[PDB]
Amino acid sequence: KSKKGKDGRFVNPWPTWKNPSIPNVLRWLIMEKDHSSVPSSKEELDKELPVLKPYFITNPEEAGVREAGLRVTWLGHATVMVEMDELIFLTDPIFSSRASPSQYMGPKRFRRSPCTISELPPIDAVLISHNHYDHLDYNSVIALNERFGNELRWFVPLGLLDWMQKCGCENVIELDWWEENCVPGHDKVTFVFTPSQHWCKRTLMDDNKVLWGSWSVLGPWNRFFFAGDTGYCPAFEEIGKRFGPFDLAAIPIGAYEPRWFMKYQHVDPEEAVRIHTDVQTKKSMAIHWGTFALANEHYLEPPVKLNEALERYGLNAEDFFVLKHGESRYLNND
């Protein structure tokens, strides 16, 4: 084909090829995080947002997929564990309490992680959407690579290969817009890096030196889409048309407040439903939200707005569902 928007590299770094982006960010200190949600007592946090014990804790067996369907588990924020086509892979693993380079400041999760690395079953690959601290957790990478090793294939955007080896990972793969690879054992599955409308930053002056994006996993049996972080852009229609119908898609539905400031980097539930429609997935799972306070919206608002948008497009909760922390879901195909 050819009608695919490629990068997307200005003078030296990467801009979003997409027209909706505007260049102006003033970073995370506490300015619009504050407490505009006031997550109250951890008990209320429980009552409203209970943390479940994942299945693989009480029954570490049954953690295959036995081909056929597709199993998914939400481990908070953008951490998703997908079992499909004889393969278990993790996405944006964050297990630390705080998503920050310091121990003294930064957004600290109000919901504990459902499980620990030691407790999670054998991981065959990890997918990294972009490099932000709420998706790339140094300590989580350290734990993953200590437990596993060369056993773990890491799929990262351009610019993160160095960082990965710097951490101590040897099975690391840098991928660009519309670029693919697989796991050495399982070649029938293809992992494709697909565009997105977001940004990268971890330190001073490294802004967009690393790429952002989304992931499309094409196995023979099931197809899976993982958006990562994005505001609405026309790449999602492109992806949907190139990788056919998907069985699951993980779409962010949180951190969309100060829309005047975030719309260029963060969809809201309404644009999240549109994404679900654009990518042609049969089902979608609400990621982001509920775990960290990265914006101004009420911590329970994003599911309500998701249901309101789902009623906007003539859809039901079946099509686009929100899980509990640690809850799983099985989906068999035709």
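All residue numbers refer to positions in the sequence shown, first residue = 1.
Asker: Do at least a third of the other entries of this protein fail to model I30?
Answerer: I30: unmodelled in a third or more of the comparison entries.
Asker: Regarding 182-190 and 196-204, which shows the higher C-alpha temperature factor on average in the entry?
Answerer: Result of the comparison: 182-190.
Asker: Take the C-alpha B-factors listed in the entry for 75-83 and for 173-181, compute each mean, and give the stretch with the larger one.
Answerer: According to the PDB entry, the answer is 173-181.
Asker: Which has the highest CA B-factor per the PDB entry: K283, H288, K42, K53?
Answerer: That would be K42.
Asker: If you check the C-alpha B-factor for each of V267, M31, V273, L300 in the entry, which is highest?
Answerer: Answer for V267, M31, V273, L300: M31, with the highest C-alpha B-factor.
Asker: Consider only the C-alpha atoms of the modelled residues in this chain, order them by B-factor as the entry records it, and name the third containing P220: lowest, middle or highest.
Answerer: According to the entry, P220 has a C-alpha B-factor in the chain's highest third.
Asker: Divide the modelled residues of the chain into thirds by Cα B-factor and specify which third, lowest, middle or highest, holds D134.
Answerer: Its C-alpha B-factor, which the entry lists for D134, ranks in the lowest third among residues of this chain.
Asker: Sorting the chain's CA B-factors, does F236 end up in the lowest, middle or highest third?
Answerer: Its C-alpha B-factor belongs to the middle third of this chain's values.
Asker: Name the third of the chain's ranked CA B-factors that contains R242, choosing lowest, middle or highest.
Answerer: Its C-alpha B-factor, which the entry lists for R242, ranks in the highest third among residues of this chain.
Asker: Split into thirds by Cα B-factor across the chain's modelled residues, where does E257 land: lowest, middle or highest?
Answerer: For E257, the deposited C-alpha B-factor lands in the highest third.
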